[PDB]
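A lone chain, given as structure tokens: the form deposited in one PDB entry.
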């Protein structure tokens, strides 16, 4: 097949993407070895759903797993009666998700389980896929003439031909795997045919971070989790925390082989050490550097000009309330808290007004990085750690290093009960989640 593997794409037809998707244990060939994963649509990653604004999505999820499951439409500003974090699909049963893609929307989104207490093993085992919302902006020459690829960044560990089980330490840290894969492939080769690449990036890992850097090249950020930037932003590297997405342009500068790497990054994961009366927690330190793929540039590359502008970011109304959410840890208990509480599905923690704007100050008082995710209501990151954000775009996950405060501008959209949680999904399963009600 193509040198660069990507998930099969399912496109809407006549304004309708109608698809049945089974969640099933699936024998596969993965990274040169045979293993049984949990998949949507028989593949790892699951199929990429490609839609346009105003399309209707009708996705029937059949649960063939031995435990209940559901779907989170991560990043989609739709109703939490559709993107329902409390719904349970029992084994053997099906549920049809039906929604209209919002008019003002573009970018890379994804789908995965969100059944509290069961997310981390199900996501680790392979249950995830991408959703791409096409935009009329994709027709501008500087994007249309680029070579486009999706990169699903997800790691894995295998034991006995199955996803490795979670250990106690995995529940504390979030589980990372030794197989650091792109689109389910081990260090694939991308032989570029054009000098400008448009790469849609998804961190679908439980806990692993990707400090992305392409050898000898900058990256041009053109979209964050939930939409385009106002104009391209040149960066030397790009950190993608669990759940985050980005889209970048790569302007290949000369012929040759260039490594796309996940550079060393210390997210605060912990181990245990005994040195005589010690028996205390000790930092794991930075991750070892990983090669993600090999990028082969074409002959005599002449990249396109970058687009001068992308999408103007909406002028938001003045906010009507300020929230403060504080994240803390009990590492040895593998318990994680928001404002001193663990998740309770019966307890509403915040009550807000639809079509108002709120300021959310999220403070990480733990020592680990925590990627904070809000369902249903995309936000604008104003600042993190006291540093202003260098661009305006919709996000739905924001990474907080130890001590950092993120200031978010949160327009409340659809009414109903939804959640916010750490997207180190082990921490969500272990309590780091709360309930927002919008009325």
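So that the term is clear: the rigid core is the largest set of C-alpha atoms that superpose within 1.5 Å between two forms. Shifts are known only where both forms have a C-alpha. Numbering follows the first chain given and starts at 1.
Below, we turn to the form deposited in another entry, even though it does not appear here.
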Exercise. Which one of 281, 191, 326, 321 is the only residue whose C-alpha moves by 2 Å or more between this form and the one not shown, after superposing on the core?
Worked result: 281
Exercise. So the Cα-Cα distance between residue 276 and residue 266 shifts by 3 Å or more in the other form; is it shorter or longer than what we see here?
Worked result: closer
For this session: Could you tell me whether residue 279 and residue 335 have their C-alpha atoms closer or farther apart in the other form than in the shown form, knowing the shift is 3 angstroms or more?
Result: farther
Exercise. For residues shared by both forms, which stretches of 3 or more shift their Cα by 2 Å or more between this form and the one not shown, once the core is superposed?
Worked result: 1 to 3, 274 to 281
